[PDB]
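coords-v4.tsv, holding TSV, C-alpha atoms and all ligand atoms:
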chain	number	residue	atom	x	y	z
N	449	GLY	CA	242.74	51.53	146.33
N	450	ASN	CA	240.89	48.91	148.38
N	451	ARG	CA	240.46	51.06	151.52
N	452	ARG	CA	237.74	53.70	151.32
N	453	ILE	CA	237.60	56.87	153.42
N	454	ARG	CA	234.28	58.16	154.74
N	455	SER	CA	233.84	61.69	156.08
N	456	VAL	CA	231.44	63.19	158.61
N	457	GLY	CA	228.83	63.64	155.88
N	458	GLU	CA	228.61	59.95	155.01
N	459	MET	CA	228.38	58.86	158.65
N	460	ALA	CA	225.73	61.50	159.31
N	461	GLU	CA	223.73	60.30	156.30
N	462	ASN	CA	224.07	56.71	157.50
N	463	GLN	CA	222.76	57.55	160.97
N	464	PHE	CA	219.99	59.63	159.40
N	465	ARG	CA	218.98	56.52	157.44
N	466	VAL	CA	219.13	54.36	160.58
N	467	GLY	CA	216.68	56.73	162.24
N	468	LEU	CA	214.62	57.02	159.06
N	469	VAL	CA	214.03	53.27	158.87
N	470	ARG	CA	212.64	53.32	162.43
N	471	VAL	CA	210.40	56.29	161.61
N	472	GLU	CA	209.44	54.42	158.43
N	473	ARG	CA	208.30	51.37	160.38
N	474	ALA	CA	206.43	53.70	162.74
N	475	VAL	CA	204.63	55.58	159.96
N	476	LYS	CA	203.86	52.27	158.23
N	477	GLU	CA	202.21	50.78	161.31
N	478	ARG	CA	200.41	54.09	161.88
N	479	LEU	CA	199.16	54.17	158.27
N	480	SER	CA	197.45	50.80	158.85
N	481	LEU	CA	194.39	52.63	160.23
N	482	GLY	CA	194.55	56.18	158.85
N	483	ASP	CA	191.92	56.84	156.19
N	484	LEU	CA	190.95	59.77	153.98
N	485	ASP	CA	189.99	63.13	155.46
N	486	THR	CA	191.03	62.31	159.04
N	487	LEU	CA	194.68	63.33	159.53
N	488	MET	CA	197.19	65.81	158.17
N	489	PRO	CA	200.66	64.52	157.21
N	490	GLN	CA	202.06	65.86	160.49
N	491	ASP	CA	200.79	63.71	163.38
N	492	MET	CA	201.97	60.39	161.93
N	493	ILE	CA	205.60	61.61	162.10
N	494	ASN	CA	207.39	62.03	165.42
N	495	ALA	CA	210.68	63.78	166.05
N	496	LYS	CA	211.92	61.17	168.54
N	497	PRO	CA	213.85	58.47	166.59
N	498	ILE	CA	215.67	60.50	163.92
Y	1	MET	CA	172.99	51.96	167.03
Y	2	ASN	CA	172.76	55.69	167.75
Y	3	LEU	CA	173.88	57.49	170.89
Y	4	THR	CA	170.59	59.36	171.38
Y	5	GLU	CA	168.58	56.11	171.22
Y	6	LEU	CA	170.25	55.14	174.50
Y	7	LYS	CA	170.49	58.77	175.61
Y	8	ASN	CA	166.76	59.42	176.03
Y	9	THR	CA	165.18	56.16	177.23
Y	10	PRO	CA	165.11	55.71	181.04
Y	11	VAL	CA	167.52	53.61	183.09
Y	12	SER	CA	165.08	50.69	183.23
Y	13	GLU	CA	165.15	50.11	179.47
Y	14	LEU	CA	168.94	50.14	179.66
Y	15	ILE	CA	168.79	47.53	182.44
Y	16	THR	CA	166.57	45.10	180.53
Y	17	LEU	CA	168.52	45.71	177.31
Y	18	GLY	CA	171.91	44.93	178.85
Y	19	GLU	CA	170.51	41.96	180.76
Y	20	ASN	CA	169.30	40.72	177.37
Y	21	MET	CA	172.73	41.30	175.80
Y	22	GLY	CA	174.33	38.96	178.36
Y	23	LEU	CA	176.19	41.56	180.39
Y	24	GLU	CA	177.91	41.91	183.71
Y	25	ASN	CA	175.41	43.41	186.15
Y	26	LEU	CA	174.93	46.89	184.70
Y	27	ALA	CA	172.94	47.95	187.76
Y	28	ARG	CA	176.29	48.52	189.52
Y	29	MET	CA	177.37	51.24	187.07
Y	30	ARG	CA	176.36	54.83	186.30
Y	31	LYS	CA	174.12	55.78	183.35
Y	32	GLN	CA	177.23	56.85	181.44
Y	33	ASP	CA	179.01	53.59	182.23
Y	34	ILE	CA	175.79	51.79	181.27
Y	35	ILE	CA	175.76	53.33	177.79
Y	36	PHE	CA	179.54	52.97	177.59
Y	37	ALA	CA	179.56	49.24	178.34
Y	38	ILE	CA	176.53	48.58	176.13
Y	39	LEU	CA	178.12	50.39	173.18
Y	40	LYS	CA	181.39	48.57	173.89
Y	41	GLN	CA	179.70	45.16	173.79
Y	42	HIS	CA	177.68	46.14	170.72
Y	43	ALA	CA	180.81	47.17	168.80
Y	44	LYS	CA	182.44	43.95	170.01
Y	45	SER	CA	179.92	42.21	167.74
Y	46	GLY	CA	181.11	44.24	164.74
Y	47	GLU	CA	178.87	47.26	164.18
Y	48	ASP	CA	179.88	50.76	163.12
Y	49	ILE	CA	178.30	53.24	165.54
Y	50	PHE	CA	176.55	56.56	164.94
Y	51	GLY	CA	176.37	59.31	167.52
Y	52	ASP	CA	175.63	62.95	168.26
Y	53	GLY	CA	176.42	65.68	170.74
Y	54	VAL	CA	177.36	69.28	171.39
Y	55	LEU	CA	181.02	70.21	171.02
Y	56	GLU	CA	183.14	71.75	173.78
Y	57	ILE	CA	186.52	73.34	173.04
Y	58	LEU	CA	189.39	72.55	175.40
Y	59	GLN	CA	192.55	74.60	175.84
Y	60	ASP	CA	194.79	71.71	174.74
Y	61	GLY	CA	193.27	71.99	171.25
Y	62	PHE	CA	191.01	68.95	170.98
Y	63	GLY	CA	187.26	68.93	171.55
Y	64	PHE	CA	184.72	66.76	173.33
Y	65	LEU	CA	181.13	65.91	172.37
Y	66	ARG	CA	178.74	66.05	175.34
Y	67	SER	CA	175.07	65.13	175.66
Y	68	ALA	CA	172.07	66.58	177.48
Y	69	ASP	CA	171.90	63.43	179.64
Y	70	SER	CA	175.07	64.59	181.41
Y	71	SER	CA	173.82	68.19	181.10
Y	72	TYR	CA	176.80	68.81	178.79
Y	73	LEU	CA	179.54	67.58	181.13
Y	74	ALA	CA	182.54	65.28	181.11
Y	75	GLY	CA	181.63	61.60	181.03
Y	76	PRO	CA	182.92	58.22	179.87
Y	77	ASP	CA	180.69	58.35	176.76
Y	78	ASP	CA	181.90	61.75	175.53
Y	79	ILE	CA	183.15	61.65	171.95
Y	80	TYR	CA	186.72	62.86	171.45
Y	81	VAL	CA	187.40	64.98	168.36
Y	82	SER	CA	190.82	66.04	167.08
Y	83	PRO	CA	191.65	69.75	166.62
Y	84	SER	CA	192.27	69.16	162.91
Y	85	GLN	CA	188.61	68.33	162.30
Y	86	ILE	CA	187.75	71.54	164.16
Y	87	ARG	CA	190.06	73.24	161.68
Y	88	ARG	CA	188.85	71.70	158.42
Y	89	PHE	CA	185.10	71.65	159.11
Y	90	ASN	CA	185.28	74.89	161.14
Y	91	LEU	CA	184.00	73.64	164.48
Y	92	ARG	CA	183.58	75.63	167.70
Y	93	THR	CA	181.68	75.58	170.99
Y	94	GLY	CA	177.95	75.08	170.53
Y	95	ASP	CA	178.16	73.22	167.22
Y	96	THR	CA	175.96	70.16	167.68
Y	97	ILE	CA	177.30	67.36	165.48
Y	98	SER	CA	176.03	63.91	164.53
Y	99	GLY	CA	177.86	61.32	162.47
Y	100	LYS	CA	179.99	58.20	162.32
Y	101	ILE	CA	181.55	57.21	165.65
Y	102	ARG	CA	183.56	54.30	167.03
Y	103	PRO	CA	184.43	53.30	170.61
Y	104	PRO	CA	187.89	54.27	171.87
Y	105	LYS	CA	190.52	52.24	170.05
Y	106	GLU	CA	193.32	50.23	171.57
Y	107	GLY	CA	194.46	51.97	174.75
Y	108	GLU	CA	192.06	54.93	174.46
Y	109	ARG	CA	189.12	55.72	176.73
Y	110	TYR	CA	186.77	58.00	174.75
Y	111	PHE	CA	184.79	57.62	171.53
Y	112	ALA	CA	186.24	58.99	168.30
Y	113	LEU	CA	184.36	60.90	165.60
Y	114	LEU	CA	184.97	59.37	162.16
Y	115	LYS	CA	182.65	61.12	159.72
Y	116	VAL	CA	180.59	64.28	160.20
Y	117	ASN	CA	177.04	64.08	158.85
Y	118	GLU	CA	175.04	66.89	160.50
Y	119	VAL	CA	176.38	70.17	161.90
Y	120	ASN	CA	173.62	72.04	163.76
Y	121	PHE	CA	170.93	70.31	161.67
Y	122	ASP	CA	172.73	71.24	158.45
Y	123	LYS	CA	174.98	69.65	155.88
Y	124	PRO	CA	178.64	69.77	157.02
Y	125	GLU	CA	179.37	71.06	153.51
Y	126	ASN	CA	177.59	74.39	154.13
Y	127	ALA	CA	178.62	74.52	157.81
Y	128	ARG	CA	181.72	76.48	156.80
Y	129	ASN	CA	179.38	79.05	155.19
Y	130	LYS	CA	178.19	80.61	158.44
Y	131	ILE	CA	177.95	84.12	159.86
Y	132	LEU	CA	179.48	84.94	163.21
Y	133	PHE	CA	177.63	86.26	166.24
Y	134	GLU	CA	179.41	89.53	167.04
Y	135	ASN	CA	179.37	90.60	163.38
Y	136	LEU	CA	175.56	90.50	163.54
Y	137	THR	CA	173.50	93.66	163.32
Y	138	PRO	CA	171.06	93.50	166.26
Y	139	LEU	CA	167.64	95.12	166.12
Y	140	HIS	CA	164.44	95.43	168.10
Y	141	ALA	CA	161.78	92.72	168.10
Y	142	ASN	CA	159.27	93.06	165.25
Y	143	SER	CA	157.58	89.65	165.05
Y	144	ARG	CA	155.04	89.04	167.80
Y	145	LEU	CA	155.26	85.79	169.78
Y	146	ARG	CA	151.63	85.32	170.82
Y	147	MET	CA	151.54	83.55	174.19
Y	148	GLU	CA	147.77	83.07	174.44
Y	149	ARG	CA	146.51	79.52	173.89
Y	150	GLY	CA	142.92	80.56	173.12
Y	151	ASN	CA	141.40	77.43	174.68
Y	152	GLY	CA	140.49	79.24	177.90
Y	153	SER	CA	141.75	76.76	180.50
Y	154	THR	CA	142.03	77.74	184.16
Y	155	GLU	CA	145.79	78.31	184.20
Y	156	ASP	CA	145.82	79.89	180.72
Y	157	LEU	CA	144.98	83.21	182.41
Y	158	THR	CA	148.62	83.51	183.52
Y	159	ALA	CA	149.50	83.52	179.82
Y	160	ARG	CA	146.80	85.93	178.61
Y	161	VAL	CA	147.82	88.56	181.16
Y	162	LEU	CA	151.22	88.22	179.50
Y	163	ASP	CA	149.73	89.52	176.25
Y	164	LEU	CA	148.18	92.27	178.40
Y	165	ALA	CA	151.13	93.19	180.64
Y	166	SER	CA	154.46	92.75	178.83
Y	167	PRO	CA	154.55	91.69	175.16
Y	168	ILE	CA	157.22	89.26	173.97
Y	169	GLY	CA	158.93	89.06	170.59
Y	170	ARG	CA	161.63	87.12	168.80
Y	171	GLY	CA	164.90	88.31	170.31
Y	172	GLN	CA	163.38	90.05	173.34
Y	173	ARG	CA	165.34	90.90	176.50
Y	174	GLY	CA	163.22	89.99	179.52
Y	175	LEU	CA	163.94	90.05	183.25
Y	176	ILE	CA	161.67	88.44	185.86
Y	177	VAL	CA	161.92	90.41	189.11
Y	178	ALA	CA	160.21	88.59	191.97
Y	179	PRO	CA	160.89	87.59	195.59
Y	180	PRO	CA	161.23	83.90	196.47
Y	181	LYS	CA	158.08	81.77	196.64
Y	182	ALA	CA	155.92	84.10	194.54
Y	183	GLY	CA	155.10	81.84	191.59
Y	184	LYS	CA	158.00	82.10	189.14
Y	185	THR	CA	158.17	78.35	188.52
Y	186	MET	CA	154.56	77.91	187.37
Y	187	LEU	CA	154.91	81.08	185.29
Y	188	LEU	CA	158.01	79.70	183.55
Y	189	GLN	CA	156.34	76.33	182.99
Y	190	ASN	CA	153.34	78.02	181.38
Y	191	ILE	CA	155.70	80.12	179.26
Y	192	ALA	CA	157.46	76.98	178.03
Y	193	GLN	CA	154.18	75.16	177.36
Y	194	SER	CA	152.67	78.08	175.44
Y	195	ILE	CA	155.82	78.57	173.34
Y	196	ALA	CA	156.11	74.85	172.54
Y	197	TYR	CA	152.44	74.78	171.53
Y	198	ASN	CA	152.08	78.00	169.52
Y	199	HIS	CA	155.63	78.19	168.09
Y	200	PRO	CA	156.99	74.66	167.60
Y	201	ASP	CA	159.38	75.88	164.90
Y	202	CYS	CA	161.70	77.81	167.22
Y	203	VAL	CA	163.97	75.71	169.42
Y	204	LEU	CA	163.15	76.01	173.12
Y	205	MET	CA	165.77	75.62	175.86
Y	206	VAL	CA	165.62	76.27	179.61
Y	207	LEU	CA	168.39	76.95	182.15
Y	208	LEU	CA	168.10	75.70	185.74
Y	209	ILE	CA	171.11	76.84	187.78
Y	210	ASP	CA	171.37	75.75	191.43
S	1	LIG	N1	148.44	78.73	188.67
S	1	LIG	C1	148.47	78.14	189.90
S	1	LIG	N2	147.44	77.37	190.33
S	1	LIG	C2	147.46	76.78	191.54
S	1	LIG	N3	148.47	76.90	192.41
S	1	LIG	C3	149.57	77.65	192.11
S	1	LIG	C4	149.62	78.32	190.80
S	1	LIG	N4	150.80	78.98	190.76
S	1	LIG	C5	151.44	78.75	191.94
S	1	LIG	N5	150.70	77.95	192.74
S	1	LIG	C6	151.10	77.50	194.09
S	1	LIG	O1	152.36	78.08	194.40
S	1	LIG	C7	153.34	77.08	194.71
S	1	LIG	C8	154.52	77.25	193.76
S	1	LIG	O2	155.74	76.94	194.43
S	1	LIG	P1	157.13	77.22	193.68
S	1	LIG	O3	157.03	76.60	192.30
S	1	LIG	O4	158.26	76.83	194.59
S	1	LIG	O5	157.13	78.82	193.52
S	1	LIG	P2	158.51	79.63	193.31
S	1	LIG	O6	159.23	78.86	192.22
S	1	LIG	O7	158.07	81.01	192.90
S	1	LIG	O8	159.18	79.55	194.66
S	1	LIG	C9	152.68	75.72	194.57
S	1	LIG	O9	152.65	75.05	195.83
S	1	LIG	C10	151.27	75.99	194.09
S	1	LIG	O10	150.33	75.39	194.99
S	2	LIG	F1	161.34	81.02	194.07
S	2	LIG	BE1	161.62	79.52	194.42
S	2	LIG	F2	162.93	79.33	195.19
S	2	LIG	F3	161.68	78.75	193.08
S	3	MG	MG	161.19	78.16	191.28
Is it possible to express this structure as structure tokens?
Ligand SMILES: Nc1ncnc2c1ncn2[C@@H]1O[C@H](COP(=O)(O)OP(=O)(O)O)[C@@H](O)[C@H]1O
Ligand code: BEF
Ligand SMILES: [Mg+2]
Amino acid sequence: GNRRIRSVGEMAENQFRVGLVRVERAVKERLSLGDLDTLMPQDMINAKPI
Amino acid sequence: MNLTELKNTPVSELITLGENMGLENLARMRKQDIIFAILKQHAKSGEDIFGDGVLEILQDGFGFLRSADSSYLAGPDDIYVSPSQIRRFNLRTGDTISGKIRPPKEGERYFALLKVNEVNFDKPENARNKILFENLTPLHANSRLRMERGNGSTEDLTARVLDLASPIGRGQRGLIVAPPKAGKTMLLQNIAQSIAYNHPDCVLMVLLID
């Protein structure tokens, strides 16, 4: 009752979040200069970390 | 601070201007590095720059704005433009564009186009409302382009014989067939002078290859 079991799904979601926080910091520092009418919501995101 | 304002004045004005701005000796650099360093040091004082140039499409997707000072070639002062602007505002080769520009940002090496203001001497809002070239219906020339000055100068004869030998019109297809050292250069110069005098509304451009 005090020991919890985690499956592959929970670990995968955890690692997805670990990558997502890095991509979040990246998109936040990239949004510091992006203005209106200059970029589509595609270039600010990279595949690398996640 | 516009790009053309440094694009057209001779190298000497650039020399005195940079020597006034407290520069490293600009006489050691090329015209393009002259304008590049001057625009760098101007933006280093905190000014938003304006610029202009003709667009060239590259195969990697992005485009580059060239000037007539470099005869439309690659240079340090060419303005980089992203492919997505070419998408949204419907850009392509030949579109001359003037608008907001900034020097290359941190780690970059070419100017960036912020805000489009004039596309081929038009509003960028109507620039998307254009007709293509191959979809055009060609015709023969109907409007006469009179080449005679009417002042009767000594060289003007070479123009009047034009109106007597081979008439020209808007959209004409003309071929000059002549051996070397026969007088093609003076003929072409008189053609350009007469067109720029009698028809200043039509844009006039000249190609000199090799
Ligand atoms: N209208 C003119 N009046 C006087 N001289 C002329 C005229 N047209 C041509 N010339 C002579 O011809 C020469 C032109 O040389 P160039 O421009 O090299 O001819 P091309 O381009 O046909 O080789 C000049 O040296 C000039 O003296
Ligand atoms: F005909 Be020359 F070479 F201009
Ligand atoms: Mg010649």
Using only C-alpha atoms, which chain N residues lie at most 8 Å away from chain Y, written as a compact mmCIF listing (two decimals) with C-alpha atoms, keeping the file's coordinate frame?
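File produced: part_25.txt:
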# COMPACT_ATOMS: atom_id res chain seq x y z
CA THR N 486 191.03 62.31 159.04
CA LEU N 487 194.68 63.33 159.53
CA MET N 488 197.19 65.81 158.17
- Item | Atom pair atom CA of residue 34 of chain Y / atom CA of residue 7 of chain Y: separation (Å) |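 One can read the atom CA of residue 34 of chain Y to atom CA of residue 7 of chain Y distance as 10.4 Å.
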- Counting all atoms listed in the file, name the residues that have an atom within 7 Å of an atom of ligand LIG 2 (chain S); the answer should be given as a PyMOL selection string. chain Y and resi 179-185
- Using only C-alpha atoms, determine which residues lie at most 9 Å from residue 80 of chain Y, disregarding the query and same-chain residues fewer than 5 positions distant; provide the list as a list in words. residues 62, 63, 64, 65, 104, 110, 111, 112 and 113 of chain Y
- Produce as a ChimeraX atom specification the set of residues near ligand LIG 1 (chain S), where near means within 12 Å with only C-alpha atoms and all ligand atoms considered. /Y:153-159,176-191,208
- Shell of 12 Å around residue 130 of chain Y, all atoms listed in the file, local chain residues under 6 positions omitted, as a ChimeraX atom specification: /Y:89-92,95,119-120,122-124,136
Using all atoms listed in the file, which residues sit within 10 Å of residue 76 of chain Y once same-chain residues fewer than 5 positions away are excluded, as a PDB file with C-alpha atoms, keeping the file's coordinate frame?
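Output (selection_16.pdb):
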ATOM      1  CA  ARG Y  30     176.360  54.830 186.300  1.00  0.00           C
ATOM      2  CA  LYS Y  31     174.120  55.780 183.350  1.00  0.00           C
ATOM      3  CA  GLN Y  32     177.230  56.850 181.440  1.00  0.00           C
ATOM      4  CA  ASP Y  33     179.010  53.590 182.230  1.00  0.00           C
ATOM      5  CA  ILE Y  34     175.790  51.790 181.270  1.00  0.00           C
ATOM      6  CA  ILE Y  35     175.760  53.330 177.790  1.00  0.00           C
ATOM      7  CA  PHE Y  36     179.540  52.970 177.590  1.00  0.00           C
ATOM      8  CA  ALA Y  37     179.560  49.240 178.340  1.00  0.00           C
ATOM      9  CA  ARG Y  66     178.740  66.050 175.340  1.00  0.00           C
ATOM     10  CA  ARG Y 109     189.120  55.720 176.730  1.00  0.00           C
ATOM     11  CA  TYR Y 110     186.770  58.000 174.750  1.00  0.00           C
ATOM     12  CA  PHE Y 111     184.790  57.620 171.530  1.00  0.00           C
TER      13      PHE Y 111
END
- Within 6 Å of (149.5, 80.6, 173.0) (coordinates as in the file), grab all the protein and nucleic acid residues, counting only C-alpha atoms, and write them out as an NGL selection string. :Y and (146-149 or 194 or 198)
- Task: Quick one: pull the distance between atom CA of residue 99 of chain Y and atom CA of residue 118 of chain Y, Å, one decimal.
- Result: 6.5 Å
- Note on the structure: Counting all atoms listed in the file, closest pick from N:449, N:459, N:454, N:495 relative to residue 474 of chain N is N:495
- Message: So that I can see what lies close to segment 464-471 of chain N, please list as a PyMOL selection string the residues with an atom at most 10 Å from it, counting all atoms listed in the file and leaving out residues fewer than 6 positions away in the same chain.
- Response: chain N and resi 458+477+492-498
Would you export the selected residues with C-alpha atoms as a PDB file, in the coordinates of the input, please?
ATOM      1  CA  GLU N 458     228.610  59.950 155.010  1.00  0.00           C
ATOM      2  CA  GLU N 477     202.210  50.780 161.310  1.00  0.00           C
ATOM      3  CA  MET N 492     201.970  60.390 161.930  1.00  0.00           C
ATOM      4  CA  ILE N 493     205.600  61.610 162.100  1.00  0.00           C
ATOM      5  CA  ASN N 494     207.390  62.030 165.420  1.00  0.00           C
ATOM      6  CA  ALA N 495     210.680  63.780 166.050  1.00  0.00           C
ATOM      7  CA  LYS N 496     211.920  61.170 168.540  1.00  0.00           C
ATOM      8  CA  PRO N 497     213.850  58.470 166.590  1.00  0.00           C
ATOM      9  CA  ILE N 498     215.670  60.500 163.920  1.00  0.00           C
TER      10      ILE N 498
END
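When atom CA of residue 145 of chain Y is paired with atom CA of residue 167 of chain Y, their separation reads 8.0 Å.
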- Message: With distances taken over all atoms listed in the file, which residue among Y:171, Y:53, Y:107, Y:46 lies nearest residue 94 of chain Y?
- Response: Y:53
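Take the candidates Y:58, Y:192, Y:101, Y:209 and check each one against ligand MG 3 (chain S) using all atoms listed in the file; the shortest distance goes to Y:209.
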